[PDB]
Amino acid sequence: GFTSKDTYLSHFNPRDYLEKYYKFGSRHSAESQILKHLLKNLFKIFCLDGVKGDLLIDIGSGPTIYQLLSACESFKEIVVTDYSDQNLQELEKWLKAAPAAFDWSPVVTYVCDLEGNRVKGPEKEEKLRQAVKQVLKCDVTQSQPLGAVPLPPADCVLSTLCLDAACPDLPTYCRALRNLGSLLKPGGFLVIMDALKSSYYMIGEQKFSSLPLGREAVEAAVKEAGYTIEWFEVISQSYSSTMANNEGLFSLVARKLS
């Protein structure tokens, strides 16, 4: 009763996802209100709080880079990961500054604004491109998410809008949190942002299953998985009716218990 893993390889259109959720158009859409809030939290986590280190692993990056714009100010290296090779190719297109890459300029500008206008768009983009060295395949459902590929234990593991889409049930969800912890150094940071109580999301006519969790189930799973929560925020803002049936989104910062 849940989207098969292999559907992500074939039917998740990276460009269409970017057009539908991250175009950041002139009209005050629900998608843009969500994106602005996620950016505020990411700015607060990486620039205001002490979330820093040599390595940050982004889990289930999809074709997006918005979740890394503040992070590149605090981590020497950022490793981007996704189950879809098609998604990693779209990421790589932006990373190499190709002309057919997605235009992130209204999002890049917004981040520079948030950060105190210390830098401009081109300088911001360059710091991120220099931070990303590895573009890897990952599967959160596996005990070794990065498979046979080795990495030093991360200082931080970030995952935006991935676990609800990747986990068919609550046992898999708690298991995936434990699997992300195996990529984390003891006492390392876990940053998760996702939808609340969503049973699906859409990319045009293409439907994708989502695990509908309430904030209590998310908190319980993080505790069961061996983390300690530092903060937890719920926003009431949901996606447009045509996109998903969520009841807001959550953001949390936790630490791996040694």
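Don't overthink the numbering: it's just position in the shown sequence, from 1.
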In at least a third of the other compared PDB entries, does residue 26 have no coordinates?
yes
Comparing average C-alpha B factors as deposited, tell me which of 234-242 and 18-26 sits higher.
18-26
Per the PDB record, is the mean Cα temperature factor higher over 149-157 or over 90-98?
90-98
Which one of 49, 194, 31, 216 shows the top CA temperature factor in the record?
49
If I read the C-alpha B-factors straight from the PDB entry, which of 119, 183, 176, 165 is highest?
119
Split into thirds by Cα B-factor across the chain's modelled residues, where does residue 172 land: lowest, middle or highest?
lowest
Is residue 111 in the lowest, middle or highest third of its chain when residues are ranked by C-alpha B-factor?
highest
Which third of the chain does residue 140 land in by C-alpha B-factor: lowest, middle or highest?
lowest
By the record's CA B-factor, is residue 251 among the lowest, middle or highest third of residues in the chain?
lowest
Ranked by Cα temperature factor within the chain, is residue 4 in the lowest third, the middle third or the highest third?
middle
